[PDB]
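Read the single chain below, which is given as structure tokens and is the form deposited in one PDB entry.
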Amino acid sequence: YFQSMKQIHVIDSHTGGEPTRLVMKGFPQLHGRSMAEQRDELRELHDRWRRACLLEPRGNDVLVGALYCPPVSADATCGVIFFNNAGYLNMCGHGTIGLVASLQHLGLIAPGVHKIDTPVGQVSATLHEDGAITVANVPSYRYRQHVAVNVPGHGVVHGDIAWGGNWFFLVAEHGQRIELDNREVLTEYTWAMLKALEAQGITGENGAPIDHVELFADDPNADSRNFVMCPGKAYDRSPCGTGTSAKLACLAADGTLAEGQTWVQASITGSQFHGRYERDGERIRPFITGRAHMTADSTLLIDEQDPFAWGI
């Protein structure tokens, strides 16, 4: 009977609490030569597979899926296509940490530098001997500093606007408590803040929407703790790789963090990433280190008689 249903072999993991569903077998054969072609193929010809994995009931609003692919470039370990319950992603830092940890435990890679092919080019990740993984983030920078926004029901706040692979508004939050049991308040506040930025025409470079907000506060045992609001009104359980890269860019620009020095960023759940940077013109090269842990080895089952087989 189980043998009768369509099967998808996945390895679920989390990176600082933010989960990754790595698909190792069961999606359709993709004939695209490039990772972008394969991604387009999935989206256009085979989207039910993403949806079965990411929509309810099998998925949720925080999960990212990752399709393992054979490498396309000569020196890459593999290819990957990331996706969530709304569509396809291109890069995904926490998912890449999940991927590399998973591949290690499956016996497919050893410690060292690994190149991973994505739809938008290669990502370099270093698997350390102790199992931590460092992602070379895209070049990051601060676009504007100390920008005012009025947030309905809360008042005026100032933040930096910075690119770390996504656009962020970064706020030194003194008013609200950055603790996990205050998450519903922080969720409503930061979501309102995102909507207020849009309404007030506050954007990244060349009008790009700011679709992430991150709040920072002191922490007794890290350099900082954050609360990160993402698309879909979901907070990041992790310190957020691109968001921490954007923070490093701001710290670098202000001189708060020296080149080569380590910044320890705690998340709302108490997980941590380490980061450091090198300067490169008006930008920085950020390096974000974190860990992933396995949480399930699972055969997803698709009952083709279920109206919700491919997700709700």
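What we label the rigid core is the largest C-alpha set whose atoms superpose within 1.5 Å from one form to the other. Numbering starts at 1 and follows the sequence shown.
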*Once you work out the mean C-alpha B-factor for both 88-96 and 114-122 from the entry, which is higher?*
114-122
_Mean Cα B-factor comparison, 242-250 or 66-74, giving the higher one as deposited_ = 66-74
*Between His105, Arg142, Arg237, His146, where does the Cα B-factor run highest in the record?*
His146
*From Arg48, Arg58, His31, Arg283, pick the one with the largest CA B-factor in the entry?*
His31
_Entry-reported Cα temperature factor of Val157, expressed as the chain third it lands in_ = highest
*Chain-relative CA temperature factor third for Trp167*: middle
*Compared with the other modelled residues in the chain, in which third is the CA B-factor of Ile210?*
highest
_Entry-reported Cα temperature factor of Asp303, expressed as the chain third it lands in_ = middle
*Going by what the PDB entry lists, where does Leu257 fall on CA B-factor within its chain: lowest, middle or highest third?*
middle
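Quick note: we don't show the form deposited in another entry, though the next part is all about it.
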*Did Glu205 shift 2 Å or more between the shown form and the other one, C-alpha, core superposed*: yes
*asked:* So that I can tell if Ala136 moves, could you say whether its C-alpha shifts by at least 2 Å between the shown form and the other one after the core superposition?
replied: no
